[PDB]
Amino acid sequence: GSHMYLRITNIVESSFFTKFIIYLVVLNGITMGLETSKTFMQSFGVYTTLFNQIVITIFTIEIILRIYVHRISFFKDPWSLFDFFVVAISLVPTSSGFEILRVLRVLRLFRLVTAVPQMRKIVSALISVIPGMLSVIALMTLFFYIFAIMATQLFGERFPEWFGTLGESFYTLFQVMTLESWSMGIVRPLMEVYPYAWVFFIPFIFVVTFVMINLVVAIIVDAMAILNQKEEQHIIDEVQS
């Protein structure tokens, strides 16, 4: 709380600071689309590469400033950690030879989420449902795991591409979950060799489908139940009192 501390603290926390960052993101966003065209890149490429290095500099300063202001409270904020790791990624230099990190640089456009509070509320809303499903996700994954193992050893030898490997079978089973080509592309070919392959995949399709629908039904109905508790208690004690 020194006098130097509050100097920067009043900047960082200013609406102009936030607004300025958003301007940059929206600008670097448009810039990253244009960088997609080799035509544009041949003409104006050096400009954009610099604007890019400019922006990432600013964002590094910015993240350093917020760390001064917020201190340990910054590394316990998920939105700040995200901003951190996105900016960290952008710093690993293009010479790294692993172009994956060059492409991951686009994740900085997600600042337009962490910085706009109406976006934060949505993402928070969406994510909020997930912790109640962790056990169902675990059940589903165990299920996938068991069936991946059985598939690999029923079909891996004749169908190595689809089932030669735990991973390949996981992949194929996820594909059948989405029902994408599950019969013409997978199970019908399978059955020219394993005529009962349908006894594996149909029940797999039933379970996995039943569970997902039931997840959604339970979420709606159990929420409506809580809304009803809060209304019961209110009505019932405006009557008692």
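Residue positions are given as counts along the sequence shown, with the first one as 1.
Taking the PDB entry as given, 121-129 carries the higher mean Cα B factor of the two stretches 157-165 and 121-129. Legend: mean Cα B-factor per stretch from the PDB entry, 76-84 versus 92-100; the higher mean is in 92-100. Looking at 32, 207, 193, 46, the one whose CA carries the top B-factor in the deposited record is 46. Within the listed group 172, 181, 53, 214, the record reports its top CA B-factor for 53. Residue 111: CA B factor lies in the middle third for its chain, per the PDB record. Per-chain ranking of the deposited C-alpha B factor places residue 70 in the middle third.
Compared with the other modelled residues of the chain, the Cα B-factor recorded for residue 186 ranks in the lowest third. When the modelled residues of the chain are ordered by their C-alpha B factor, residue 177 lands in the lowest third. For residue 41, the recorded CA B-factor ranks within the highest third of the chain. Only modelled residues enter the ranking.
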